[PDB]
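Everything below concerns the one structure shown next.
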Amino acid sequence: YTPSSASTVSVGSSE
Amino acid sequence: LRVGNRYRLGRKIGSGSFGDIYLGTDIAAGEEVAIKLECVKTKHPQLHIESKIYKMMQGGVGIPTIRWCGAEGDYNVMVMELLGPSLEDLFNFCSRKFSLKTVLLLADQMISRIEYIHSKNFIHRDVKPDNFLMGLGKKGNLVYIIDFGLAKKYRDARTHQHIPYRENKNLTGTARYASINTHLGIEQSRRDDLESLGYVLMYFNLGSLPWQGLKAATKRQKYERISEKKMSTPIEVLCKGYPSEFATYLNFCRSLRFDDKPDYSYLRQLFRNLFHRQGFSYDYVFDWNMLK
Ligand SMILES: Nc1ncnc2c1ncn2[C@@H]1O[C@H](COP(=O)(O)OP(=O)(O)O)[C@@H](O)[C@H]1O
Ligand code: NA
């Protein structure tokens with residue numbers, strides 16, 4: 001299961 | 001609570017990727033501000049880096065002013081200009097429909113914000129309705145860009161040498177608005193910020209994108225379904241029923257080479273020509289100004 005907010009949450013960092 | 005010398009902390013107004021945003025007062029000036037707090041003890045400190053990027057951006061139209069940076073008790077502190085609602089907030093207040101005139105008013109400013117950021121050697125990498133805020137008061141007609149949490153240099157400040165091409169990258173940014181290159185694991189460049197804006201603009205036109213609400217068992221599977229849907233949706237199908245400029249804009253962004261300097265001025269002129277053919281005036285009367 002993945003929450004539907006997976007498509008709109010910011011992912012990663014400056015790296 | 002007393003922050004710096006002259007700032008009073010009020011209630012929380014926001015939470016992004018890290019820290020929290022509070023209403024504040026500049027007690028000395030008599031002006032409301034936003035105060036970002038980050039716990040000094042955090043695992044991955046980011047506020048100091050973000051404040052460095054905001055300081056390099058200072059002088060730009062629609063870049064929030066930084067008023068103060070420092071550390072106070074258990075917190076790193078960045079005091080900024082208080083901004084208004086996000087474009088996502090305003091989209092909800094307008095029943096998730098923007099008039100063509102509002103979308104074109106916004107496109108003009110948003111292309112300019114992204115250009116300005118690129119001129120300071122950074123890519124934003126998180127272009128989405130949540131990260132553009134309208135100003136307040138005399139700044140009520142200005143679109144601001146925020147959230148430099150994923151921002152990074154795409155070129156040396158001195159040489160303007162572009163970062164190298166790289167593949168097999170994790171998704172960075174927001175899946176819904178991510179460029180096809182980002183989905184394919186390609187290093188982000190100037191083109192990817194503009195491609196993302198292209199999807200934001202069609203999101204405003206449509207009320208949703210055809211790759212929203214895809215069922216999957218995993219984040220990575222969700223991202224891949226989004227990727228597959230984007231790659232299998234022709235730009236002319238995405239943009240069907242809307243002025244051709246939206247399709248021309250997305251075709252131009254998808255044609256850019258990794259290290260190409262976008263023709264920002266061409267992309268603005270596309271929308272500006274359409275604005276004129278519609279007989280709209282640049283009076284900054286947005287849909288949400290009509291709310292009674
Ligand atoms: N200067 C500001 N004025 C008003 N609200 C803000 C401001 N900065 C951020 N916010 C709100 O807080 C949320 C979190 O912001 P964040 O992504 O941490 O951006 P930043 O680090 O640029 O302030 C935003 O979505 C927005 O709703
Ligand atoms: Na206005």
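As shown in the structure tokens, the chain order sets the letters A, B, ...; within each chain, residues go from 1, and ligands are also counted from 1 in the order they appear.
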For the contact check between chain B and ligand 2, emit one row per residue of chain B within 8 Å, containing the shortest atom pair and the distance in Å rounded to one decimal, counting only C-alpha atoms and all ligand atoms, chain then rising number order, as a Markdown table.
| residue | atom | partner | partner_atom_place_in_ligand_line | distance |
| --- | --- | --- | --- | --- |
| B:140 | CA | ligand 2 | 1 (Na) | 6.0 |
| B:141 | CA | ligand 2 | 1 (Na) | 4.7 |
| B:283 | CA | ligand 2 | 1 (Na) | 7.3 |
| B:284 | CA | ligand 2 | 1 (Na) | 4.4 |
| B:285 | CA | ligand 2 | 1 (Na) | 4.3 |
| B:286 | CA | ligand 2 | 1 (Na) | 5.6 |
| B:289 | CA | ligand 2 | 1 (Na) | 5.9 |
Put those residues in a file: C-alpha atoms, as an mmCIF file, in the first residue's frame.
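For reference, result29.cif as written:
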data_model
loop_
_atom_site.group_PDB
_atom_site.id
_atom_site.type_symbol
_atom_site.label_atom_id
_atom_site.label_comp_id
_atom_site.auth_asym_id
_atom_site.auth_seq_id
_atom_site.Cartn_x
_atom_site.Cartn_y
_atom_site.Cartn_z
ATOM 1 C CA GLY B 140 -1.018 41.114 -3.900
ATOM 2 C CA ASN B 141 -0.521 40.968 -7.748
ATOM 3 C CA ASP B 283 -4.720 44.391 -14.985
ATOM 4 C CA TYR B 284 -3.845 41.561 -12.504
ATOM 5 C CA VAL B 285 -7.543 40.834 -11.843
ATOM 6 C CA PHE B 286 -7.274 37.089 -11.044
ATOM 7 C CA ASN B 289 -10.180 38.757 -6.785
#
Exercise. Which chains and residue numbers are within 9 Å of ligand 1, counting only C-alpha atoms and all ligand atoms, if I want them as an NGL selection string?
Worked result: :B and (12-23 or 33-36 or 47 or 50-51 or 54 or 64-66 or 78-86 or 89 or 130-133 or 135 or 145-149)
Store the residues picked out above in a file with C-alpha atoms, as a compact mmCIF listing (two decimals), in the first residue's frame.
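For reference, result-v4.txt as written:
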# COMPACT_ATOMS: atom_id res chain seq x y z
CA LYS B 12 2.29 28.12 12.98
CA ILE B 13 1.09 28.98 9.42
CA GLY B 14 2.92 26.15 7.51
CA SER B 15 5.15 23.01 7.44
CA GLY B 16 7.14 22.01 4.33
CA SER B 17 9.79 19.24 3.91
CA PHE B 18 11.61 20.53 7.08
CA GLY B 19 11.13 23.04 9.93
CA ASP B 20 7.86 24.98 10.40
CA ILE B 21 6.70 28.49 9.38
CA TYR B 22 5.22 30.81 12.03
CA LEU B 23 3.45 34.12 11.79
CA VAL B 33 6.78 38.48 8.88
CA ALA B 34 7.10 34.69 8.42
CA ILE B 35 9.60 32.94 10.72
CA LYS B 36 11.00 29.53 9.70
CA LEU B 47 17.72 25.80 6.99
CA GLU B 50 18.17 27.28 2.25
CA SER B 51 18.91 30.76 3.78
CA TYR B 54 17.50 32.79 -0.55
CA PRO B 64 10.73 36.67 -0.58
CA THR B 65 13.02 39.13 1.30
CA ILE B 66 15.15 37.54 4.05
CA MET B 78 15.11 32.47 9.15
CA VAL B 79 12.80 35.56 9.20
CA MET B 80 11.22 36.38 5.81
CA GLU B 81 8.56 38.50 4.16
CA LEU B 82 5.07 37.21 4.99
CA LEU B 83 3.46 35.91 1.76
CA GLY B 84 -0.18 35.02 0.93
CA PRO B 85 -1.92 31.81 -0.16
CA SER B 86 -0.31 29.26 -2.54
CA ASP B 89 -4.86 27.16 -2.05
CA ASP B 130 2.17 24.68 -3.58
CA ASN B 131 5.56 26.43 -4.09
CA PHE B 132 4.15 29.63 -5.65
CA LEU B 133 2.53 32.10 -3.21
CA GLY B 135 2.13 38.41 -2.12
CA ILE B 145 8.35 31.30 -5.63
CA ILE B 146 9.37 29.52 -2.37
CA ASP B 147 10.75 26.15 -1.16
CA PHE B 148 14.43 26.08 -2.23
CA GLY B 149 14.78 22.80 -0.26
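Interatomic distance, atom CA of residue B:234 to atom CA of residue B:193: 19.6 Å.
Within stretch 117-162 of chain B, DSSP applied to the backbone places the following residues in strand (DSSP E): residues 122, 123, 132, 133, 134, 143, 144, 145, 152 and 153 of chain B.
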Selection above as a file: C-alpha atoms, as a PDB file, in the first residue's frame:
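Output file result-v7.pdb is given in full below:
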ATOM      1  CA  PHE B 122      20.229  27.410  -9.696  1.00  0.00           C
ATOM      2  CA  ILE B 123      17.455  25.049 -10.777  1.00  0.00           C
ATOM      3  CA  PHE B 132       4.154  29.625  -5.655  1.00  0.00           C
ATOM      4  CA  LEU B 133       2.527  32.100  -3.214  1.00  0.00           C
ATOM      5  CA  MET B 134       0.773  35.380  -4.067  1.00  0.00           C
ATOM      6  CA  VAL B 143       3.554  35.594  -7.754  1.00  0.00           C
ATOM      7  CA  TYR B 144       6.430  34.551  -5.451  1.00  0.00           C
ATOM      8  CA  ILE B 145       8.347  31.299  -5.627  1.00  0.00           C
ATOM      9  CA  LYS B 152      20.956  23.141  -6.641  1.00  0.00           C
ATOM     10  CA  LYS B 153      23.567  24.729  -8.952  1.00  0.00           C
TER      11      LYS B 153
END
Problem set entry | Contacts of residue A:9 within 9 Å, only C-alpha atoms, excl. fewer than 4 positions in-chain, as a PyMOL selection string | (chain A and resi 5) or (chain B and resi 17+173-175)
Since we have the selection now, will you write its residues out, keeping N, CA and C atoms, as a tab-separated table (two decimals), in the first residue's frame?
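Saved the output as selection_37.tsv:
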chain	number	residue	atom	x	y	z
A	5	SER	N	-1.18	10.52	-1.30
A	5	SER	CA	-0.33	11.70	-1.25
A	5	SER	C	1.10	11.41	-1.78
B	17	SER	N	8.88	20.41	3.77
B	17	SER	CA	9.79	19.24	3.91
B	17	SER	C	10.46	19.25	5.29
B	173	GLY	N	11.82	15.80	-6.44
B	173	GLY	CA	10.73	16.77	-6.68
B	173	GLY	C	9.39	16.13	-6.39
B	174	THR	N	8.37	16.50	-7.16
B	174	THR	CA	6.99	16.02	-6.99
B	174	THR	C	6.59	15.21	-8.21
B	175	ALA	N	6.21	13.95	-8.00
B	175	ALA	CA	5.87	12.95	-9.05
B	175	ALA	C	4.85	13.56	-10.03
Per residue of chain A within 6 Å of chain B, note the shortest atom pair and the distance in Å to one decimal, counting only C-alpha atoms, and order the rows by chain and increasing residue number, as a Markdown table.
| residue | atom | partner | partner_atom | distance |
| --- | --- | --- | --- | --- |
| A:1 | CA | B:217 | CA | 4.5 |
| A:2 | CA | B:218 | CA | 5.1 |
| A:7 | CA | B:175 | CA | 4.9 |
| A:8 | CA | B:174 | CA | 5.5 |
| A:9 | CA | B:174 | CA | 5.9 |
| A:10 | CA | B:174 | CA | 4.8 |
| A:11 | CA | B:173 | CA | 5.1 |
| A:12 | CA | B:172 | CA | 4.8 |
| A:13 | CA | B:150 | CA | 5.0 |
| A:14 | CA | B:150 | CA | 4.6 |
Could you turn the residues from that selection into a file that holds N, CA and C atoms, as a JSON list (two decimals), in the first residue's frame?
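Written output follows (out.json):
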[["chain", "number", "residue", "atom", "x", "y", "z"],
["A", 1, "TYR", "N", 0.85, -1.21, 0.00],
["A", 1, "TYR", "CA", 0.00, 0.00, 0.00],
["A", 1, "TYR", "C", 0.88, 1.26, 0.00],
["A", 2, "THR", "N", 0.55, 2.22, -0.86],
["A", 2, "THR", "CA", 1.14, 3.59, -0.91],
["A", 2, "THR", "C", 0.02, 4.62, -0.66],
["A", 7, "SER", "N", 2.02, 11.07, -4.71],
["A", 7, "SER", "CA", 2.18, 11.74, -5.99],
["A", 7, "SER", "C", 2.40, 13.24, -5.82],
["A", 8, "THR", "N", 2.12, 13.78, -4.61],
["A", 8, "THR", "CA", 2.20, 15.23, -4.43],
["A", 8, "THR", "C", 3.20, 15.62, -3.35],
["A", 9, "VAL", "N", 3.78, 14.67, -2.63],
["A", 9, "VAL", "CA", 4.84, 14.96, -1.63],
["A", 9, "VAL", "C", 6.18, 15.20, -2.36],
["A", 10, "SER", "N", 6.89, 16.26, -1.99],
["A", 10, "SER", "CA", 8.30, 16.55, -2.40],
["A", 10, "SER", "C", 9.22, 15.44, -1.92],
["A", 11, "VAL", "N", 10.06, 14.90, -2.79],
["A", 11, "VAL", "CA", 10.96, 13.75, -2.51],
["A", 11, "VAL", "C", 12.40, 14.17, -2.83],
["A", 12, "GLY", "N", 13.38, 13.63, -2.10],
["A", 12, "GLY", "CA", 14.82, 13.88, -2.31],
["A", 12, "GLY", "C", 15.31, 14.98, -1.40],
["A", 13, "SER", "N", 16.49, 15.52, -1.70],
["A", 13, "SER", "CA", 17.09, 16.74, -1.09],
["A", 13, "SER", "C", 18.02, 17.40, -2.13],
["A", 14, "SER", "N", 18.72, 18.49, -1.75],
["A", 14, "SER", "CA", 19.76, 19.17, -2.57],
["A", 14, "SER", "C", 20.84, 18.15, -3.00]]
Problem set entry | Coordinates-based distance that separates atom CA of residue B:93 from atom CA of residue B:230 (Å, one decimal) | 27.5 Å
For this session: Name the residues of stretch 51-249 of chain B that fall into alpha helix (DSSP H) according to DSSP on the backbone, using the chain letters and numbers of this document, as a PyMOL selection string.
Result: chain B and resi 51-57+87-93+100-119+180-183+190-206+219-232+235-238+245-249
